[PDB]
Structures are given as structure tokens and as C-alpha cells.
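Presented below is the structure to which this report refers.
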Amino acid sequence: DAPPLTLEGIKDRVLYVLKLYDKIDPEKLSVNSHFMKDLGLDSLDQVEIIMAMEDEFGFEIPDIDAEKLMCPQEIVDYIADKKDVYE
Amino acid sequence: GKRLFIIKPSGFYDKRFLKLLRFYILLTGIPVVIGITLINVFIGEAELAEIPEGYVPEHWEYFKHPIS
Amino acid sequence: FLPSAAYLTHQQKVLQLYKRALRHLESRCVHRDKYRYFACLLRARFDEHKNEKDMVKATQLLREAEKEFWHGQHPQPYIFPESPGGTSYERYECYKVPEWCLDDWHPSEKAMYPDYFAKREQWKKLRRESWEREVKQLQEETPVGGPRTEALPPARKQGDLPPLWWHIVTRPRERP
Amino acid sequence: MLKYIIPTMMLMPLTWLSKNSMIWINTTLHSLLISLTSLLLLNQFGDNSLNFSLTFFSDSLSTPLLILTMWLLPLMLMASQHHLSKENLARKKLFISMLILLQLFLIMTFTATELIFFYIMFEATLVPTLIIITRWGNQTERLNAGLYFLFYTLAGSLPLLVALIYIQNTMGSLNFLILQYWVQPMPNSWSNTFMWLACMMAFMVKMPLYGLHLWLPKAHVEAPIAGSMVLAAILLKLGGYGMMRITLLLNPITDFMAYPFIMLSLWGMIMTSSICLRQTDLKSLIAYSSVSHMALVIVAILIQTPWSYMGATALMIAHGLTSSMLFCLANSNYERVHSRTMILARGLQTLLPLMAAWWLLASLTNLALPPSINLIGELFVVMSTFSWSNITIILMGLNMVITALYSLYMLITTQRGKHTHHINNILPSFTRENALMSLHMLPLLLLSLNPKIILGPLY
Amino acid sequence: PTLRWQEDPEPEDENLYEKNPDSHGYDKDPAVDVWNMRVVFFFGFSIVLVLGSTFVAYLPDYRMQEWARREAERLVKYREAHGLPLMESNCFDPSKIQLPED
Amino acid sequence: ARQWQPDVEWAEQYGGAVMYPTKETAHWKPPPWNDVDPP
Amino acid sequence: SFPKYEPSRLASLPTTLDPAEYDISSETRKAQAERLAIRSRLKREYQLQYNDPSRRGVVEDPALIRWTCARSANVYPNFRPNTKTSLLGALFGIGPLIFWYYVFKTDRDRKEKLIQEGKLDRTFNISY
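Quick look at the structure:
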């Protein structure tokens, strides 16, 4: 396996596959926005979001973490921590 | 940027013991192999003659290989 | 059996049930489109009685839901190749040589790599200089005689590094 | 043989009047020269044995064990620093001279013409080992271990003297030829049965068999590496040597009276291989391994086939080398981490990359790897015991399965999978330890090329 | 109000490195460690192991094997060239035996 | 120094006049060290 | 629709369907809180003995030493010979031994009687 990865790629891909989801909108979607607080989607769908990132990037994140992501900046940060995305 | 530092624990003692082992076996491995080869290519083993009449051999001259 | 709390929550238990049942339905149901149909059916089945104001009726439906889930699970679920039990699961544990080592080298090998060992020397000076007073004062200042949790406080007083950072920062790359 | 007795004496004041930090080099060099000179012995031919006096003589059973003793001395005398290198000069010289004196009585014992002389030098071998393991046992029950060692080995070994005096004054002298060439059958009375039980039970204590085997593991886990390796290899294989020599008398009654010892040895071989599968205390696994293999040796001696005696002496020599080496690797890991346990010192594939080869190769020589000498011994014992009965090969193969299981578990427990990442004191492997491993393994493979040496009298 | 001891806090773990980086197995004397390594790998391998391999590699025929081969070749040639079956049983001649009667 | 040595209580067992105390041997006081009984 | 999930000594009862987890006493909440307190104090002491840059050797886990000395040396005390211990000792120690001894007597008596008659296949049985 030879993939290259950077912070730009993981940021754009996570924001991409959150932009594609149905019951939110790409009009008001910053990098820094909560899920329950201002986008206003329920926690059930928040775990569906976590399921989407797990099924995309190809590795489980535990429910000891999946309580408390809630915002795409910390999602990008946590998966960049797990894959150790630097050279 | 593509290459990174990889970590491997302390190959120097590995290589030092391996080099000393091969050198201090082969210090008298090759001279003894040269010695045994020059013996059994330049001195002969023996032949299988019977005992002659009115003669005794010793406790050597019963054995094939000359170093034996 | 979790670091921050003692019991999960009620909502946390229902939520773990939902993720496990949805994952087992992924593994059960190939072609991904009949999967999407059955997943929205499951999401609707949770929606039909989500807004019940009791609590003993909530734990009633939760318990019977675990019964009718453990009836219908899948034998070999599709677990990812990093999860425990998975295909890899520390495949590359062969090469996670820890960094308390690499100081026990011969100095000729240390003469092959000048810059990395000099910067490791300055990181080790940064470890040794900022260990005693700051970290031990923050660890013996804020807790009670019983700590009662495992979350440890950040370093926000004036300056330097957070407490107990060394064997969390200097861990191997997980794809060496 | 006096040319081997007297330089063993002369190597003792060497150690005294050599100066500081020079006793080591002189003793190691001169004991290795003694090992070459010992290897010059191997002359034994055909019809008779060889007589190095009316006092000394060598059967071809005694030759490889004698070379094993004079080869295991310098290996040990190098093996026993770094746990007494900080101690005093006088105590260091006393320890080294004690090992030299123990070698001297072992040579006395292996070239014993007379069985009375054999008994005296047998318990003369018994004497210094208590002093060694008690003074340098490095644990808190070394007193208990040395005391059980003493009273077990005496109280079993002691009426053997009375039986040997009775044979001395009922049939003349006790040279092995005139004990031989004259030996008459001894019928199924009861006094003959007690004489047999005295002699064979003394050596049963020494091997040990299953009912008397807790003698051993305390004397190995609570002992230094020198006493452990000499104790295991040379003392147990010396006990087997002694039983091989004394079983020439008492020919008819062994068929009548030798069934329950076969039984206790077989079922205890199975139970001992089972008990060394689940224990902690890494040192003890090799001890119960030694109990299992010498129970196999005991079955091989008490059945009386030439195939059985060839397999017995091959199994003796191969297991002596393997168990001594594996004791030495266990001490190497204990010097790395002051644990003695097994579930603690994990990892060690990543770290110490060369030590994996010695662990694997010693575990395969314990596995009965097929060109090795260990499988040659076990295979001929299995052939002879299936000639003994058509049903007992189940226990032999079940021993084989469990032996492979616990040996390879001992491999993949300590040295497979994940360092516990709180150890951070282990240094890379010295040249000394790997020199010791190469001194163990390479004679075993070179005997695996040509095993016509180590097969005993019935070649 | 008691300690029951007075001795040193013990021990200090003797890292045999960090004063000799070129060190062989044992303690910190520089010369005699080199002499120990040289004597164990010369007078333990270069003169012991390889010369022992050549010595017991071939020697006189141990336990009379090849003599037995050649003597059996001669004796089977004789006993096949003179009619009688090779390895006649009853190795002691029944002329030279005296059974107890009945 | 990593070698075990017998402690105080390991040598406390070698005290009194006898080695094994029973229900009848408790009154065996140790002898005076001067071998002098007080008058 | 459920077969009620009978447990065994090998099929462990899983953490989902206890079902004692779903009727909760307050004392169990107190117990879980104090158990978290115990594990938190043990991890705090371990991590403070774990990240010292001056420390060199092993961490000296007392539970492992305690378990080892519990398993090896502290079996022999305590012990009293009970009827259960004596029964199970004479069963596992002597029973199978005397069983295999009976079957070896039987096989050897059959074999020696059969070769006293001589009707074995020892037409050539050389390597004995």
C-alpha cells in the first residue's frame, strides 16, 4: 500500500461526505459547527454520521470516543490522530 | 519528505558477534581444509595387499586414510 | 468499564445497541441498496416509540430489544481490519519498536545519524527539565485523596507542557 | 586416566596464585585445553573396554559422558559471572575452586572401576553442590532446597552401600569384569528382592521418578546457574550411568519385580509433562521437562533391549546438552529482568533480534527435531517399548504431543508478541551469552552429523 | 518507632554499558575483556571445535565396523564357495556339549 | 544487593532454650550469657 | 421470538442481556462509583511510577508477585487432609495407575502364553 495523505485531504473529504448528506444544507456549513447545537440534527443521525465516516475511511472508532465528537473539526483532528497523518 | 526514520534496535552487537564468529571459526577452518585436501590428493590413501610371508605389521598399517 | 464515568447512560446503551444492530445488518445484508432500505426501516422502528415519557417502559423496550436482537445477529460480522478480531489487528506490531530504546546504540551508528540524535537530545532535555515541579505539583495539587476519575487536567497555569505526556506523544506511527 | 585426574588437581592452585583479574583467563584457557585432551581419549574398540588401571577403566558408555563433563566445565566457568562479578576475590576463588573439585569427583565417578569406589565418589559429587546452591542460591528457600536435596539423595542412596558390601563379601571383588564373567542368576526369594529394591530405589531417587521428583525443582529454581546446569546434566546422567552399570547383576528377578517402577515412571512422565504446561516460574519448566525425559530414560533402562540402551544413552547426552542450554537462556532472561516469572517478560522478538534464533533452536532440540540426537534417543526408546508391549506406545506419543506443546508454548510465551512497554532497562545481547549458546548448540549439531560416538556399549 | 535495619538502600542496577561502548560481555576493564573474547573464540572454536571435528570425523574404525564389513565379505565368499549354508546355526558344536540326562 | 539474607525474625526462631515450643515447654528460659546465676 | 439464551461454564453470559442490569439499586451505583475510584487511584499511582525519566528498571507490579507467591509457595499452607481431599487424591493418584498396571499384566500374560505356545508371527522378529 502506498497512499499519500495530508490534513488538506482529510479535511476536504470529511467536509465533502458531510456536505453530501441529506437533511443538512451546504449553504451554512462551516468547518467549525456543532451538530446538535446549530445544524440541528438528532443524535441518532449523528451516529449515522459516525457510521458513514467509519464505512468510508475503513476503520472503527469506538463508542468511548463516539459520544463526543459533535463537530467536523474534531472529526478531522481525531482521524488525523488515528492515522498519524504527517511526514 | 517521502522517506522517514525507521527504528531498529541495535544491530551493531549482532553484526560484531557474527563477524567474530565467522572469522574465528574460519581462521583454522580453511587451513585445515587445505591441509586435509593436500593430504588426500598428494600422499595416497593405501592399497589392499595381503600380509606377506614371514612378516608382521604394526598397529598402524591397518587403516585406510593416512591421517587416521 | 470506561475511563471517564462509571455507568454509561441509558441513552448511551440504546445508542450502542443501535450501532451494533446497524453494523450487523450491514454484514447480513449485501448489495447495499436492500441494506439502505432495511436500515431506514430500523431507523423508523426506533422513531415509532422514541418519544415515550416513562422510564421503566423505556428500559422494558430496551431489554426486549436486546432479546430480539441477540436472536437475530450474524455469526461472522464484517468487522474492519483494524478492530479487535479483525483481519489485521496489529498486523504491524512486528515493527513497533518503542523509543525508550535507540539510546543503546554504538556511537558509530550515532555518528551515521547526526541531526535526528541531536534533536532527540533536545527533546530529552525538554523532558528532563520540565518534569519535577510542574507535573508533580499539578498532579498533587488539584486531586483529593481519592481521584474519582481518570481525566487528567491540562497545563493552563502559565507555561509548559501538559502532565504525563511522554508515552502518549512518543508512540509509534502505527504504519511503520 | 591419571593424565586426566592430575591436571584437574593442578588447575586448582592455578586459581589461587593467579593474580586479580587474571584468574578468569587462565582457568578458562586451561580448562578448554583439558577439553581437547579429553577428546583425545576416544580410542575404544570392539571386543573389550579400555583399562586405565585396575583402578580406572572406560566403557564406551563412560566416554561421551566424560567428554561431556570436561566440556561442560569451561562453559560453566564462563557462565557464572555477572551475578558474582561484584563479590569478593576470596569468595570468587572459593566458588571457582569448588567447581574444579566437583569436576574432579565427577571424573572419579565416571571412571570408577569398583562399585564401592563408585558409591564413595557418587556422594562425593553430592557434597559440594549443597554448598554452591546454598551460598549462592539468590532466593529465600535455598535452605529448603539444599536440605531436601541432601536428605532425599542420602536416605535413598544409603542402603545401596549395605547391598554393595554384601555383594563384596559374598562374591569376591567388585571390578566390573569380575562382577561380570562370574555373575550367577539370583532366584525369586525375598532377600534378593530387597537387595534389588535397595539398589534400584537408590538410583530411582537419583534420577528421579515421579513419586520422588519434588527433590528436583526447588534445587533448580532456588539455585545459581552453575549448580543448576551441573546438577541437572551431570548428576542425573551420572545416576543413569550408575544404574546401567549395576543392572548387569540381578538378571531373572527384574522381570518379576520391575513392573510397578515402569508404571510409576510412565504415568508420572505423562503427569509431569502435563504439570509443566500451565506453570509460571520459567526456570521450573525445564526442571519438570528433565523429570519427564529421565522418566523416559528409566523406562528405557528397566526394559533390557540393546535398542533400549542405545536410545537411553543418546537421550541422556542430548537432553543433558539441551536442558543445560535452556537453563542458561532462562538465566540470561533473568539477568535482563529481575522477575523469574513468565507472563511478565514478554516481547523480545522486536528487541534482542539474535536471541530468537537461540530460543528457537533450543526449543526445537527440545521438540525432538528429527536429525537431532534427542529424537534418536526417544525414537529408539519408543521402538524398544513397543517391542515390550503393543499398547504402551499411546503413552509415548501422548508424551510427544504434550512435550511439543509445552516446549513451543514456552517459546511463544516469553518471546512472542508485545513488549510490556514499562521495562526499559534491557540492554542488547552481550558477546558472552551468545558465545555460551554457540558452545552449547554446535557440538549437538556436529554429533547429529555423526552419532556413532554417543551410542553406548551395544553399538 | 522502629526500622529493624541499618544497611544501604540497595541496589544500583549495574549497566555494563555507558562506560565502554565497545565492550564485550563482562566488566569495565578494557584490555582483559578483549583478551577474554579472543581466548574464548580462539581456544574454544579455532583449536577446539574444528580440530575436534577433524579428530572424531575420522580415526581408527570405532567399535570395529569396517573390519567387520571386510571380514564378513571374505567369510560369505568362502561359505558360498564351499557348499555349506552361510551362518550355520548352533554356534557351539554339538560334539562339544554334554546334556544332563533324563 | 539482590541476594537474599536471613532477617531478624529468621534468627528469632533460633531463640529460647528449645527449638520447638509446645504446651509444656514454654518455661524453658534461655540461659544467662555469663553462665552465672544471680544470687 | 427467543430461545432465552441458556448459559454454560464456557458460553459466558454477555453484558447485554443480564437482565439484572436493568433493575438497578442505588447501592450498585455506589459500588460502580467506588470501583471506578479504585481503578483511578491504581492508574494514577502506576502512571506516576511510569513516566519518571530517572527510573530505569521494572515497575514491580505487586499483584503479579502476590499471585505468583499465592500460586507456588502458599498452596501448602493452608491445607488439611479432608475426606474430599483424601478421596480425590487417592482417585487421581492411584486409580489410573492401577488400571494401566492391570492392563499391562493382562497383555504381558497373553503375549508370554502365546509365545509359550509359539503361535506368534516371529518368523523373523529380529530387532527386539
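Just so you know, the sequences run in chain order A, B, C, D, E, F and G.
Per my numbering, the first sequence starts with residue 132, numbered consecutively.
Per my numbering, the second sequence starts with residue 461, numbered consecutively.
Per my numbering, the third sequence starts with residue 1049, numbered consecutively.
Per my numbering, the fourth sequence starts with residue 583, numbered consecutively.
Per my numbering, the fifth sequence starts with residue 47, numbered consecutively.
Per my numbering, the sixth sequence starts with residue 168, numbered consecutively.
Per my numbering, the seventh sequence starts with residue 258, numbered consecutively.
Note that beta-carbon positions come from the ideal geometry of N, C-alpha and C, so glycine has one too.
- Judged by beta-carbon spacing, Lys675 of chain D lies beyond the 8 angstroms limit of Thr619 of chain D, meaning their Cβ atoms are not closer than that value.
- Chain-order list of chain C residues neighbouring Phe259 of chain G: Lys1115, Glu1116, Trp1118, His1119, by C-beta distance under 8 angstroms.
- For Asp143 of chain A, the closest of A:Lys168, A:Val216, A:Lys199, A:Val162 by C-alpha to C-alpha distance is A:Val162.
- Between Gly793 of chain D and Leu846 of chain D, the gap from beta carbon to beta carbon is short of 8 angstroms.
- Using a Cβ distance threshold of 8 angstroms, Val1145 of chain C and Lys468 of chain B count as a contacting pair.
- Shown here, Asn1016 of chain D sits in a helix according to DSSP, grouped into three states.
- In this structure, DSSP gives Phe639 of chain D an extended state, which the three-state scheme calls strand.
- Flagged as an interface residue toward chain C: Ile195 of chain A, by a C-beta distance shorter than 8 angstroms.
- Excluding the 5 residues flanking it on each side, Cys1077 of chain C has same chain C-beta neighbours closer than 7 angstroms at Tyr1083, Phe1086, in chain order.
- Taking a beta-carbon distance threshold of 8 angstroms, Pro76 of chain E does not count as an interface residue toward chain B.
- DSSP links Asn633 of chain D through a beta bridge to D:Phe639.
- When the alpha-carbon of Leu688 of chain D is set against those of D:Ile698, D:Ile678, D:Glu696, D:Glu705, the nearest one is in D:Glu705.
- Taking a C-beta distance under 8 angstroms as the contact criterion, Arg169 of chain F and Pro57 of chain E qualify as a contact pair.
- Cβ contact annotation for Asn720 of chain D (same chain, cutoff 6 angstroms, sequence separation greater than five): none.
- The same chain holds no residue with a CB closer than 8 angstroms to that of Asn1099 of chain C once the five nearest residues on each side in sequence are set aside.
- At a cut-off of 8 angstroms, the C-beta of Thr932 of chain D has a neighbouring C-beta in chain C.
- Here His519 of chain B is exposed, its C-beta having fewer than 16 other C-beta atoms within 10 Å.
- Contact between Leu993 of chain D and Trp940 of chain D fails: their C-beta atoms lie close to 11 angstroms from each other, not under 8 angstroms.
- Taken atom to atom, the span from the alpha-carbon of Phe634 of chain D to that of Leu791 of chain D is near 34 angstroms.
- When CB distances to chain C are screened at a threshold of 8 angstroms, the residues of the segment 1000–1015 of chain D falling below it are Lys1000, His1001, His1003, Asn1006, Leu1009, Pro1010, in chain order.
- Distances from the alpha-carbon of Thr895 of chain D to those of D:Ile816, D:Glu669, D:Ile698 put D:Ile816 closest.
- The three-state reading of DSSP puts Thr272 of chain G in coil, since its state is none of H, G, I, E or B.
- Secondary structure of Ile868 of chain D (DSSP, three-state): helix.
- Sequence-ordered contacts of the segment 105–116 of chain E with chain D read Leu105, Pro106, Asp107, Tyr108, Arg109, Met110, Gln111, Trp113, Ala114 [C-beta pairs closer than 9 angstroms].
- When secondary structure is reduced to three states using DSSP, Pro1033 of chain D falls in the coil class, being assigned neither helix nor strand.
- Taken through DSSP and simplified to helix, strand or coil, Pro1162 of chain C comes out as helix.
- For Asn913 of chain D, the closest Cβ of chain F is not nearer than 8 angstroms.
- Following the DSSP letters along the chain, one finds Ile747 of chain D inside the alpha helix (DSSP H) bounded by residues 741–750.
- Going by DSSP, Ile180 of chain A is part of the alpha helix (DSSP H) stretching over 174–188.
- Distance between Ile1005 of chain D and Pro310 of chain G, taken at the CA atoms: about 13 angstroms.
- Scanning chain E for C-beta atoms nearer than 8 angstroms to the C-beta of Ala168 of chain F yields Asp54, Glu56, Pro57, reported in chain order.
- When DSSP states are grouped into helix, strand and coil, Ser667 of chain D belongs to the coil group.
- Chain-order list of chain C residues neighbouring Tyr279 of chain G: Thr1107, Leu1110, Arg1111, by C-beta distance under 8 angstroms.
- The Cβ of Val185 of chain F sits no closer than 8 angstroms to any Cβ of chain E.
- For chain G, none of the residues of the segment 728–760 of chain D brings a beta carbon within less than 8 angstroms of one of its beta carbons.
- Counting C-beta pairs closer than 8 angstroms gives fewer than three between the segment 1029–1036 of chain D and the segment 333–347 of chain G, which falls short of the contact rule.
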